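In the deposited numbering, the protein residues as written are 256 to 358.
Just so you know, even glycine gets a beta-carbon here, dropped at the ideal spot from N, CA and C.
One structure is given here, and the rest of the page talks about it.
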Amino acid sequence: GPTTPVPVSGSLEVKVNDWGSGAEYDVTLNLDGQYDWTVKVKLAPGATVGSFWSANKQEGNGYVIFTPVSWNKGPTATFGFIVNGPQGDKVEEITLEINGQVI
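Quick look at the structure:
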């Protein structure tokens, strides 16, 4: 992988399960308090988020963003999103950015 920055305020564990028609992308975040954690996820060449939860999903044209809903902003917030496109990989990459802080 290319040069990746290191997190310095929070934790994040992502999981993924692809079934062809779509792919799952869990994102468990761990914070020591109430921080606005926005997870940006670039989608594959023609991929788009279809199902997500525990976080507000956004769409940056080919990507998507996840933020703490009304109860997922405390010191821990786990959310997930499912993209739809080609079979195998449907998300360019998943980066974590809390109100500007990359984690």
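Beta-carbon spacing of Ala-310, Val-324 below 8 Å:
As a first step, residue 310 is located in the sequence shown; it is residue number 55 there, counting from the start. As a first step, residue 324 is located in the sequence shown; it is residue number 69 there, counting from the start. Closer than 8 Å, so yes.
Taking just the CA atoms, how far does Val-338 sit from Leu-284?
As a working mapping, residue 284 is identified with position 29 in the sequence shown. As a working mapping, residue 338 is identified with position 83 in the sequence shown. So the alpha carbons of these two residues sit roughly 19 Å apart.
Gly-340 beta carbon less than 8 Å from that of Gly-315:
In the sequence shown, counting from the first residue as 1, residue 315 sits at position 60. In the sequence shown, counting from the first residue as 1, residue 340 sits at position 85. With respect to the 8 Å criterion, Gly-315 and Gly-340 are not classified as neighbours on the basis of their beta carbons.
In three-state terms, what does DSSP make of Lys-297?
Working through the sequence shown from its first residue, we reach residue 297 at position 42. DSSP places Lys-297 in the strand class (E or B) of the three-state scheme.
Alpha carbons only, please: which of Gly-305, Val-261 and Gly-288 is nearest the one belonging to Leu-351?
Locating residue 351 in the sequence shown gives position 96, counting from the first residue. For the residues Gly-305, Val-261 and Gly-288, the minimum Cα distance to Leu-351 belongs to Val-261.
Spatially closest choice to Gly-329 from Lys-312, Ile-353 and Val-346, by CA coordinates:
Indexing the sequence shown from 1 puts residue 329 at position 74. Nearest option by C-alpha distance: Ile-353.
Terminal residues of the beta strand (DSSP E) in which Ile-353 lies:
Indexing the sequence shown from 1 puts residue 353 at position 98. Annotation for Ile-353: the continuous beta strand (DSSP E) segment containing it runs 348-353.
Closest by C-alpha distance to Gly-265, when choosing among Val-346, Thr-333, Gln-342 and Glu-348:
Here residue 265 refers to the residue found at position 10 of the sequence shown. Residue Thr-333 is the option with its Cα nearest to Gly-265.
Closest to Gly-317 by C-alpha separation, out of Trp-308, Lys-345 and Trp-326, would be which residue?
As a working mapping, residue 317 is identified with position 62 in the sequence shown. The shortest Cα separation from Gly-317 among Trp-308, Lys-345 and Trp-326 belongs to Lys-345.
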